[PDB]
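What follows is a structure written as structure tokens; I'll ask about it next.
Think of it as A, B, C, D, E, F, G, H and I in the order they're written, each chain with its own count starting at 1.
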Amino acid sequence: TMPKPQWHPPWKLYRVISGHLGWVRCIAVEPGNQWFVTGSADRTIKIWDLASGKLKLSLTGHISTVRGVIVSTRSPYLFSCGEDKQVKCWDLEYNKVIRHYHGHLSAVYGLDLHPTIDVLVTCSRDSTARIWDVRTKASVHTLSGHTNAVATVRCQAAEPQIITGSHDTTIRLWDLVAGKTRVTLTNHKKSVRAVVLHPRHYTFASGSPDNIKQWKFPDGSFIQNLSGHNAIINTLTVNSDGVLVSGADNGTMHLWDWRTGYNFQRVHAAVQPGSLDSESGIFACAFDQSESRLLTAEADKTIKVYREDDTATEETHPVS
Amino acid sequence: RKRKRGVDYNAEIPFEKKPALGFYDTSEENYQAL
Amino acid sequence: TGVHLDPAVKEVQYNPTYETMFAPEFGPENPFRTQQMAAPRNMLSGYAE
Amino acid sequence: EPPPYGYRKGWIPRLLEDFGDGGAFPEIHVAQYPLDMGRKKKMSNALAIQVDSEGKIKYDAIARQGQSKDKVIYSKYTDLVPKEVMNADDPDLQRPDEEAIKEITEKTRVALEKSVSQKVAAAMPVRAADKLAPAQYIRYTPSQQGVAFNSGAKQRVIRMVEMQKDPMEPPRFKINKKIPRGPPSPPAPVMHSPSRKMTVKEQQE
Amino acid sequence: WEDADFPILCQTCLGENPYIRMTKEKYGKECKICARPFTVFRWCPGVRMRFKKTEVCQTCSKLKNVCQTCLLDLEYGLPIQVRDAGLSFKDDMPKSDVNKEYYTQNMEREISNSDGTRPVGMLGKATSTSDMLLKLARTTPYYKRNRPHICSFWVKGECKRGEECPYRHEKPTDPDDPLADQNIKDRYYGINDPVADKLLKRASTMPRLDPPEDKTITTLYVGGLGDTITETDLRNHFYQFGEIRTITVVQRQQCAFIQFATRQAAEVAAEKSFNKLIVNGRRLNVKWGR
Amino acid sequence: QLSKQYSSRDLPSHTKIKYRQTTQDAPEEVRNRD
Amino acid sequence: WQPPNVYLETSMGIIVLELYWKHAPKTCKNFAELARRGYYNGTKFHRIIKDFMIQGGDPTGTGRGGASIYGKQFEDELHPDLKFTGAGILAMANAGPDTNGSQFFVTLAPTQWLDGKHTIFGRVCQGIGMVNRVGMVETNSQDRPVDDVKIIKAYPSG
Amino acid sequence: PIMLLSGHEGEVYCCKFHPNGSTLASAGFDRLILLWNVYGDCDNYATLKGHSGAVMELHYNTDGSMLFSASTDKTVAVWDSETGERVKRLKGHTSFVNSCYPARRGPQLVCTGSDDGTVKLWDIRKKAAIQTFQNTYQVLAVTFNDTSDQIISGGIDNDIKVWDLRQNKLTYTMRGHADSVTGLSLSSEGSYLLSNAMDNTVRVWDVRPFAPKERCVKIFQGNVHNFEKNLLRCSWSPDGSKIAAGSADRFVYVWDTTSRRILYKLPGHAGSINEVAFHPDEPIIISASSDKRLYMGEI
Amino acid sequence: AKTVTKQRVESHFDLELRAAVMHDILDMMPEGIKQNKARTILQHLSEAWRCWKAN
């Protein structure tokens, strides 16, 4: 078996925000932890306060579904990416788009920012990713080689610097400078829509309807499985304390232990009043910066906030 | 005679990919005519 | 034997001695190589520096 | 078998059976072909049947077809097995120390931005044309050596100078040519878990 | 676009002075084969010789292993067809437009992954220089290649430029000659180039040792032996090449008669030695005895 | 094979990157904060 | 001390070579002492000439290494009638007379050229088809072939 | 490490150390004199200016307090390493002054070899000439004798010449070099003197009160000349143990006083090496080459 | 790679909607192994929409 998993307390829902007019597809938190930002399929970008849950501001520039937002830690910039094939840079001292990155040939499914250099990486449905230069809007590399839409991309400072998962069920680890794939991982049988990197362990995990898998950098050596969540998995998100959240597309959300891979909670939330029951689904989840709150962006146009439960103990909720 | 891609069929193997070689000798193999 | 350098290795960060730098290679030279395949070549027809 | 050492005189081994367990007779003025020896064979296509450092048959070769050794190729069963890395402690897995990260960042920044600069200087197109670099000197060792060539010197020294570009000159060549895209890379091996069965009833469903 | 460090050229075509001065032009012209733009290098061959120019891509060169302007092979130096035949090669480079542009694109992508050191493909798997190739090879630099053209004016009388007539003011060659019209494209592809056929006929008329009728004629006559050779030396000529059965070193005629143990061994030895078994500097004549 | 075509939208624009200043939220402060 | 068949089970196949001390006592003793010494483990083939030679046994793997049992190197023990007329003639090659060290050669065909410059010191009594296979393998332009083929086990006869 | 230095626009002809072993001076075609710090990252602090011609030879004093530098423009210059500023412009040379040498441990006095046909003796304070031995022709290198009373010079006529400062006649003429001598350097023995000459041979001599009358001591092979005929210079080690030479062959030649063996022919350069500098303290080597940069080898 | 302007808003919405549907289940909740008929589930999608519109 295994040593026995660490005990983590369970999480309870405590807030439900509802102001969007279409599915909510992406969510992100500011560096300084005061507000978060959601992008939805009603083509707006709303900016909410993280303490009160009040809505501060609504930015409307896109022409279709906003499928990714991110907030840069080095500059007052928010980068958004839509299904209109366009990638935008909003400057948050005037709240206006100042820069737009052109060249993708179909909807852009996701986007990440490099933590030290000033580049962008975007993945799209033309089955390529691109490395953009933040400052001159010039595409410095087109990472090509997948054979179907590129569902997700994550980038890091260490090496390899870019991990993409795509719908042709493959993961690739790329080098940023050379611009070509070092490793191709074909263990999954179904589309890889979720990838996450451990904050402090040089390992990463990749989610698919088969099962989540863990891999070990820099050449992606298999480590273990995490099975039990049989659902189209849209997100993975890891805490610094080894909690791993796996959000599915039928609404169900499992919480796991990262190290031993032990699923310690299963949340099955409820749909907003006027919703059908075929419209429960999680599209994005994000931990707070204090790693205390867990925000989720759902297919019933709500944002649900979970906080940890403080009044439970190893004997109230034992570890099987 | 003015057609750019026509003879791309009857003169030459249109875009030839020769099979990869592995652990065996394919040299002596040859095939019959019709 | 003492420290010799790989003759094909040209990027050498160690200060080589006379014998440690130009030690001769043992063996026969392959009789199958034309003048072109025998000379030291960076380019297709010759080294150029 | 092979006659004794010093008493192997007189006999000239023509069929390798005369080799016993094998061996060439250096004192025998015949070309010894012991156990398939000596005879240059036809050039066959079969690539080198390599064998690992323990005597195993490295079939990694046929998947690695025509590729560097930078490629990491997972093609063995042992790549699927769960490694027991249920350890919170091992210093095997901890990110590189931030100093090495600083080195990688500087190097990447350099290469990245220089390629940026060329790609954007393309988007200048009104090139603030700088002067042509000073004439370079290159020393050239031909492969063909012969006193009758190069008038008897085994080197030539050449002065590179780059020709002026006429400012008022339109592009010269047609850029837009279309062709189908090349073959991809050698297909990677599909490392799945074994398939399970679908009953007739499920396919009915 | 290609981008090079220097040309890659025959020593004949590179010139005579050890010190040459050459100009580069980036993206200067279009390869007559690869059809894509190249960097074009131009040098003055010698005193009163035409400026020559690299006329084929660096990839179109490395592929077939030739000199970017002289077009002759790099090691031996014969027309591309002759070298191909002597290496028994079968070069499958496409001909039609789309197939050829596609083949060029992928061959270039794969040659990008090289070391820039030796030709790609069978040109490494065919470097076994056959004695026919070595025998046809040029010996000293045929530097008549670099003199200027024929002055249409001075052929009609008109080259009133004095002595500066931009072309050799000599007699124009009769256009009936096969050595007149050899288009660049064919000379690169090796399809019906007249110089190749003339050189091949020359190589067919060149002396090589003849084979006998009877299998039992396993005595081989080597003529022109001289009395500086030993029976053990004739052995060392025909000892490891197979087996020799007997050796008669005829000193009353300065010849030798080698009885072998394998017909193919002696045949290979003597044919490979035909007039060219140069041991102690003697032109021996290898033939099958009576 | 680089074109000399060009675009109205590829002119230089916003050529300096703003960096997050001392009080806005610089990576130093967020590195500190509780 | 003349080990009859020195077994060098390479990765790519088994081998055992018979050295004639009566013709080559010095190099037979040297090679036996090396094979029993186990120093040959790790020696990558430093030259492979297709249908000509396989030469390895270099503690550098480049060709500027190698040492003998009497120091750095010693002289050659010539034979009048022993030659390289056929494959497998095990003769330590040298870049100059009286300087033959650790480097080992194995003929693959008649090598009447190496006669007089390398002392034919035996023949490989095990693994000649394997010798042919290693001789067919594709090599780089420096005869250090693309395959890092090494000996697994180096030892002499009992 | 290899520690290659760059920042010079044209050939560097002369590179030498502080006699402290603290700072580095190099100079050449670019008509100015660059300075560096030998330790740390081998970094550049100062640049001396003024010399209109090429700096053909820079020379320290034996403490390191003022700098001498022979220029192509008919002039020598002494400067203040304290400041870098000119104190004296030794003019009056009627042609190309290539070589300069400040008297060591004697009164402050300078011998300069030039392309005029004279060797010139100068006092720094008077702004006037002391003595001048017009033999016939160009003198290409000049060094004193540790008594500061003979002066040695090497030019085109291959017979190394030495003048007595008091009788002012050709004191000592030595012979045996087949072609023009290009460099003299007297070891810190005060006795053994080293001579490079492009005939491909280097020689060792010894100026003493009594010498065997034919003092051609040791001979080494290896140096090269070619169509360049660049000026080739040699040096002893601080110990008189190793001789370092450069040549137009891109090979730093390091030999020994003892066994005259080739301890080194080191590659690494791109153009001819014109001057090798030994550290007065360390086993540190600095190569000035015509490839417009320098090397800092450690042995 | 032309932008999405004002005449291509509807046609593009439908492009991306049915690309999404084809990703969604007809390749990630299958086990109609043989041929998952996704070209016919898309027909059901269009007809469900017309039926919505007709009430």
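The definition used in the following text is that a contact is a pair of C-beta atoms (placed from the backbone, for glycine too) under 8 Å apart; a residue touches a chain by one contact, two chains touch by 3 or more.
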{"item": "Touching both chain A and chain F (chains)", "value": "D"}
{"item": "Shortest path length from chain C to chain I (each step joins two touching chains)", "value": "2"}
{"item": "Smallest number of contact steps required from chain B to reach chain E", "value": "1"}
{"item": "Chain centroid nearest the full-protein CA centroid", "value": "D"}
{"item": "Chain whose Cα centroid lies at the greatest distance from that of chain I", "value": "H"}
{"item": "Inter-chain centre distance, chain F versus chain H - centres from mean C-alpha coordinates, in Å", "value": "55"}
{"item": "Approximate Å spacing (C-alpha centroids) for the pair chain D, chain H", "value": "51"}
{"item": "Whole-Å gap between the CA centroids of chain C and chain H", "value": "35"}
{"item": "Interchain centroid distance [CA atoms averaged], chain C/chain F, Å", "value": "49"}
{"item": "For chain C, residues contacting two or more additional chains", "value": "32, 35-37, 41, 45, 48"}
{"item": "Where chain E touches two or more other chains at once, by residue number", "value": "5-6, 37, 74-75, 98, 102, 117-118, 239-241"}
{"item": "Multi-partner residues of chain H (at least 2 other chains)", "value": "none"}
{"item": "Touching residues on chain C, where the partner in the complex is chain H", "value": "13, 15-18, 21-22"}
{"item": "Interface residues, chain D side, partner chain A - complex", "value": "70-72, 74, 79-83, 85-88, 93-96, 101, 104-105, 107-109, 111-113, 115-116, 119-120, 123, 184-185, 188-193"}
{"item": "Chain F residues within the chain A interface of the complex", "value": "9-10, 12-20, 24-25, 27, 29-30, 33"}
{"item": "Chain G residues within the chain C interface of the complex", "value": "46-47, 49-50, 52-53, 55, 58-60, 62-67, 72, 93-96, 101, 103, 105, 113-114, 117-118, 141-143"}
{"item": "Partner chain F, residues of chain D touching it in the complex", "value": "122-123, 125, 171, 175"}
